[PDB]
Structures are given as structure tokens and as C-alpha cells.
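Encoded as C-alpha cells, the following chain is the form deposited in one PDB entry, with no partner shown.
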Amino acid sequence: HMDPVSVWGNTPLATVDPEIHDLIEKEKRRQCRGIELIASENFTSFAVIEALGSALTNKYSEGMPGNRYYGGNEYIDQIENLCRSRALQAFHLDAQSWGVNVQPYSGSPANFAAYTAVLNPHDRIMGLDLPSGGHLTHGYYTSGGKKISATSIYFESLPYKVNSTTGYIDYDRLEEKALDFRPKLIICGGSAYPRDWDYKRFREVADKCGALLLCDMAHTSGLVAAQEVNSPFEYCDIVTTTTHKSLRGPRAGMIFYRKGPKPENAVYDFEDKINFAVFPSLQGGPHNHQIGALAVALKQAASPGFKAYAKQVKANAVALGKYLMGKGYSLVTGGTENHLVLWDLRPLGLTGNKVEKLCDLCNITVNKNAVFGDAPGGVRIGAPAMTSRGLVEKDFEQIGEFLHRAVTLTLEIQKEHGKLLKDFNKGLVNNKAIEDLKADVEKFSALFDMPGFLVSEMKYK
């Protein structure tokens, strides 16, 4: 006999699957009882979560609004059309000049779909080098020639780099490399670059060598929506993005593309190629709950409160970096123009691994990161998540104080036990000074609110 629908299908998670329910409750507590400084993370709204967890997951709607493969899409079409128009509005795009596809499962599929749309297999691509702050999906191969990224497997990638002494993108070397290599596509945007991007200069390079210009704005898209950084839309042909980082939405991807007349009576040709690449070439039915949740996030992204948030994210990153530099610490480029700071630890004789591990033991989550394109010598620290919990400059200065204490302990351990990781680990065991800072972190962390769920009804307090 089948289970009644009420038994299997309407009973809440806490009863159907206590194991998973309990783990989710623990992850909820982890998220609000520490200091989350991963620049690729945020805390989204309950409203987004409610649309994400909804009956929209049940609808399979291959195709797009007005050109579907089956019926019953009267409401899924409206949700997607709303999501698309809200996406153009969030980034201040004229609909006759820009279109957007909101079906990519995530930012990385969005990139590969864009490539598939406008390139043939083995076409040449250039993107920011991983040690310089770029992303895997912009191309990555090892010194041994092992192709790591699919972008480097199915296309021919060549990375460009930051200047090794200033940490800024070396635009002259960019242009020289693009004239030698002749990429069909240049990617800009990155994961760990602490400055704004000169899209105008990327456009001059792309025109000089004949390339398409794509910006992957996954990391700064929220700042782009609030017009707090340079807009890639002013100079790029295509803009891709993940939607959960500084944009504060669900996990999802978008591809924006130029429409209308080119600046021969020529018109852009991207719309149909982009749509076709997403479906039917790469994806099946879109994840409609993601599209609903995204539409919610894009409306929230259009509000004066979100512009104030993006402003605060920048101000918090600046205040944290100033606090660190005021303690003698070295930031790559000596500051920031966006949501993150990149902390160079080689002046301290430390590696990013050591600091990341010790911070993680105090519930301060950062990530080790390569520096000046040259074990990784730094850590990357992001302001979006904690700003979303309402922290302002004074709070980030206190975060800077916790980081200051954390690196001081990391140096105390390295001096007492050794410079090799095997040595360093010896000092983490039952370290009373780590325990103290972990307590101070948790106390501080628990003084702020938390979007996405009510701290008052969580299982673990």
C-alpha cells in the first residue's frame, strides 16, 4: 500500500528526516555564531528562501516564455518574464539595448553557455590569471600543461596578469598579449581583485585585436546594481553573473547580452545564440524555483535599502582595510574599491593556510589566496555577508581587531613551534589563547541579527 499523501508528502522535514533537519539547524547556528568573511558568500532574505522552497520546483518548462514545448506554463512564463524585466531594471539597462537569460543553473554554467553561444570549440579566450585573482571558469591550466578548467579543455585559454609590484591589472601587458595571442573573447571580472575594472580600456584592447568582450561580474554584481562601481554594461558585449554573492540572491546565473544596432546598419546577433546555447544545447528544463527566488532578489536589489547596503559593503571593506594597514599590515594595492580586501602575509613570514586555519578555529571564516600573481601568500576577506547582518564600520574595525589578534597568535605559534606546517599544527592543540578569541568572536557574532530565518525559533541556542 502506498503511503497517504499526508504521511510522506505533507509531513514536515523535522519528522520525515530528523537527521537532515538537525544538520540544517546546526548549519543555521554556525552561520550566525561566527564571523563570515568569505567574499563569495552572503546571507539571503527569507523571502528569497520562501520562493526557492516552493511548488515552483515541480514545473518542468523546457524552452522560454512564448516558445515552450508543452502547456501549463501560464504562470511560469509570467514569473520568468518578471524575472527578466526585473534583471534589466536592477542594472539600469534599456530593453531595446540589452536582453537577459535567467535560466543558467549557476554562474559557471552561465559562463560556459555564453562561450558556447559565441565561440567554436578551440577558439582562443583570455581571462584574469588565477594567481592574479581570476576565476577557474575564465581558464586554468597547470605549469605541466594539464588543462584544469573546462574552459581550457574545450577552448584555448591564455591568462593575463596583475603587475607583480603594484597588484593592479597590467593593462599594457594585457594589450601586448592580446595582440600576440589574438583571442576571440576577452573576459574581465574576477574573484580576488580589490580594485575596480577599467572596462573602457578592455574595450579598446578588444577592438584593437578584434575580440568579443565579456565581463563576469559574479563578485561585484550587487555593487553594479547599486551603481557603486564601474558598470561593465557600458563597454562589454556580454555580462554574466552568479546571483548569490554581493547580489544577495539565490544560487543561480544570468547572461546579459547587447541587442539592437551596433554603435553597415549592423545589429547585434547574441540574443538567439545565447538562448539556444542555454537551451537546447546545454540545459534541460530551467529550475523554476530558482527563477522565482531570483526575481524576488532582483526586486530587493532595486530598492533604496539595497543601494545603502552596497554603499555600506564598500565602506566596511575600506574601514577594515584601513584598520589592518594602521596595524602595519600590507593589503594588495594598499586598499580597496569594492567588497573585499586582499591581505598580503609574506611580509609577516606567514602563509595564507596558517592564518586561515587559525581563524577557522575561532569561527572566523576567510580563505587563503595567492597574491601579486606570485603556498598562497595571503588571505581574501569579504564584507558582504557580515554587512547583511547589519554590521557597520565600527563593527568591521572590531573584526579587524579579531583578525589582528588572530595573526598575532599565528606568529606566536610559528615562533614557538616552527615555520613548517607540520610544526605549526603542534601549536593549535588545546591552545588556551585560541579558545579565548573563539569565545570573544562568538559573543560578538551573537550580538547581530540574521536574515533568512528567525534566530528565536532555531533549534540550537
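Start at 1 and count along the sequence shown; that's the residue number. So that the term is clear: the rigid core is the largest set of C-alpha atoms that superpose within 1.5 Å between two forms.
What comes next is about the form deposited in another entry, which is not displayed.
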Across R173, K146, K200, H122, the single C-alpha shifting 2 angstroms or more between the shown form and the other one with the core held fixed is at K146
For a quick test of reading the superposition: does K394 move by 2 Å or more at the CA between the shown form and the other one, rigid core aligned?
no
Quick one: core overlaid, is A55 moving 2 Å or more at the Cα between the shown form and the other one?
no
So, superposing on the core, is the move of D423 at the CA at least 2 angstroms between the shown form and the other one?
yes
